[PDB]
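**Q** I would like to see how this sequence folds:
(chains A and B, ligands or ions: 2)
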Amino acid sequence: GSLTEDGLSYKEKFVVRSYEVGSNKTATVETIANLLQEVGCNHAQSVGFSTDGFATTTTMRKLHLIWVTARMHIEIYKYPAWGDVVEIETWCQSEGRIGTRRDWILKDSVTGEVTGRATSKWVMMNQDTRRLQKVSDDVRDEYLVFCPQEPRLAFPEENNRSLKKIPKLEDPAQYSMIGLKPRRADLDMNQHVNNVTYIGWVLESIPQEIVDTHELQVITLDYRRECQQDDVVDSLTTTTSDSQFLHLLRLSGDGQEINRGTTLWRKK
Amino acid sequence: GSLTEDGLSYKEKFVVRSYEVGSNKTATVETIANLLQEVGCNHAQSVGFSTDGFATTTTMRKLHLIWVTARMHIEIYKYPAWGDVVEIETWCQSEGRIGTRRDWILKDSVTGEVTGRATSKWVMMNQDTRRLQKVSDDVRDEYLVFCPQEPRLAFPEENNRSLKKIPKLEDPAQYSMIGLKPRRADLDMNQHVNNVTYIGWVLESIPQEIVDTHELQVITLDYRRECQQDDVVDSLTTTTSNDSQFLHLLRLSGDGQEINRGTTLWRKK
Ligand SMILES: O=c1ccc2ccc(O)cc2o1
Ligand SMILES: O=c1ccc2ccc(O)cc2o1
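**A** Residues are numbered from 1 along each chain as shown, chains lettered A, B, ... in the order given. Ligands and ions are numbered 1, 2, ... in the order given. Shown next is the structure:
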């Protein structure tokens, strides 16, 4: 992997592994999501930021501030087959005082064709109190030199899927998968549940017949609260329609929302 | 990755990823186990075998026979750090009519030093009836040309740990993690639970304080029966012991049917 010529984006190639593919012998969306995090981490390292999933600058560490994902949006046109090489390009944009955005483009290394695209919204938080914050001028002015100054969007189209508001699933859910809990492999180096685990949990309540006859095309996921290591989650899904679904992850006991999202599936 | 000069073994380098490491910022044993399966798959593909976790010959496919793991034994001296490159060499050996063995050696790419080793026992089974069988002469004679003829062992030592008999944990277990179930990410391309998931489930019943103060050095795991996609597993652990040793048992949550048994050895950090 390497920073591009202008130093404002990063590229890395990955050979899809035998254990990374599903029943169609192509990479799962969780494998894709893990590769997006890996290339994001390598980009942060290359330009001098923290490497731990929080991409902090010097002033942020002094203030005990971290970056946390508010939303992940992924659209896949073709999942790479086992043994294939996929090239991923990533960059960050400053969105004023709201926060930052990290975008990605996926291409087939042999054809050069765009096979997928992703975008994510990140907000600043105190790591101890968990209190959200607007980005200050002194903090923002420090990282602006690592971003393209003009807008560069993986999802440019006006009123596109990536920015749509997601409603809250109403009980009773059409489908459910209850009592999901993280194991040590679901945790990151800081003992926090990996963001990709929540995508897997959302997908658990999709019926196996949809998975067997359809390909996932778009997933949009909002992150409201963390699942702790000793928490238990219920995954709820209701058809809203191509097949479209509305999703809700909540804590198994009190029903506290942790995530909400939508998926769009194309018949094979 | 590539076959070595003599065509009897295969080597591949891997750069450790950010999501592959634990609290020590080094690769977890499940990341290591996944890399061992990946290099085994690439070796099978390079010499013309099936690529699906069953490494079948044309004759085996005709007879609906597959290879299935009976035991996995891994010993790690140093876990590779995040960003480090690890080189893994793998080869297979025919063990007469009993079955086959796949061995691996792990090295730090920069120093060339052996950082770990692993060995696994594989038995032949009918895919449909799940009935085990000895290896036939016509099947064995077909794959012997892909193995070194003289013994080449990752664990040569006399009565070494890799071949030791594992006893059955007696109730009550000292520690337990109940109601473990696989999700789609735990499944392979054939919708079977990945062998590495069982290592993760075994480790779930080790107390967090042991994980925080010790490094896993050796794990030996026997595979008795598959966990199906809709099965639920209980993970049991009892201390048997500077070094801590444990006895492990995975069984189906309802009837208590054994799926795996194993042992782990941990050294204080
Ligand atoms: O790799 C990057 C690029 C831009 C960027 C901007 C802010 C930040 O905190 C981390 C960042 O990492
Ligand atoms: O890669 C290999 C090497 C030897 C070998 C021997 C038997 C077999 O079924 C698969 C095999 O794959």
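**Q** would you map the strands across the stretch 51-200 of chain A?
**A** Listed in chain order, the strands of the stretch 51-200 of chain A (DSSP state E, counting those that start in this stretch) span A:65-76, A:85-95, A:99-108, A:114-126, A:132-133, A:175-180.
**Q** and those strands: which comes nearest residue A:266?
**A** Among the strands of the stretch 51-200 of chain A, the nearest to residue A:266 by C-beta to C-beta is strand A:65-76 (10.0 Å). The way it works is simple: take the backbone N, C-alpha and C, and place the C-beta from them, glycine included.
**Q** which elements pack onto that closest one?
**A** helix A:29-46, strand A:99-108, strand A:114-126, helix A:195-204, strand A:214-223 (3 or more C-beta pairs under 8 Å, 6 or more residues apart in numbering or on different chains; DSSP states H and E).
**Q** can I get those in CSV with mean neighbour count and distance to residue B:248?
**A** CSV is the format used below for these (neighbours: other C-beta atoms under 10 Å in any protein chain shown; distance: least, C-beta to C-beta, whole Å):
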stretch, mean neighbour count, distance to residue B:248
helix A:29-46, 22, 27
strand A:99-108, 22, 40
strand A:114-126, 20, 39
helix A:195-204, 23, 24
strand A:214-223, 20, 35
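**Q** need the strands of the stretch 51-200 of chain A in TSV with distance to residue A:211, can you?
**A** TSV is the format used below for the strands of the stretch 51-200 of chain A (distance: least, C-beta to C-beta, whole Å):
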stretch	distance to residue A:211
strand A:65-76	14
strand A:85-95	22
strand A:99-108	21
strand A:114-126	18
strand A:132-133	35
strand A:175-180	12
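**Q** out of the ones you listed, which gets nearest to residue A:2?
**A** Across these, closest to residue A:2 is strand A:85-95 (C-beta to C-beta), at 10.8 Å.
**Q** contacting residues around the closest one?
**A** Contact with strand A:85-95 is made by A:4, A:8-16, A:27, A:35-36, A:39-40, A:43, A:80, A:100-110, A:115, A:121, A:135, A:140, A:143-144, A:146-148, A:151-153, as judged by C-beta atoms under 8 Å, 6 or more residues apart in numbering or on different chains.
**Q** now do the phi/psi pair for residue A:21.
**A** With angles defined as degrees, to the nearest 10, residue A:21 sits at phi -100, psi 150.
**Q** mind listing what the spatially most central residue of chain A touches?
**A** Nearest to the geometric centre of chain A sits residue A:72, at 3.8 Å (C-alpha atoms, centre = their mean). Residue A:72 is in contact with A:33, A:118, A:120, A:195, A:199, A:219-221, A:223, counting by C-beta under 8 Å, 6+ apart.
**Q** give the burial count for the nearest residue to residue A:231 once chain neighbours are set aside, as a bare number.
**A** Nearest non-adjacent residue to residue A:231, counting by C-beta to C-beta, 6 or more residues apart in numbering or on different chains: residue A:251, 5.8 Å away. Residues near residue A:251, counting by other C-beta atoms under 10 Å in any protein chain shown, number 16.
**Q** what sits against residue A:251?
**A** Residue A:251 neighbours (C-beta under 8 Å, 6+ apart): A:227, A:231-234, A:258.
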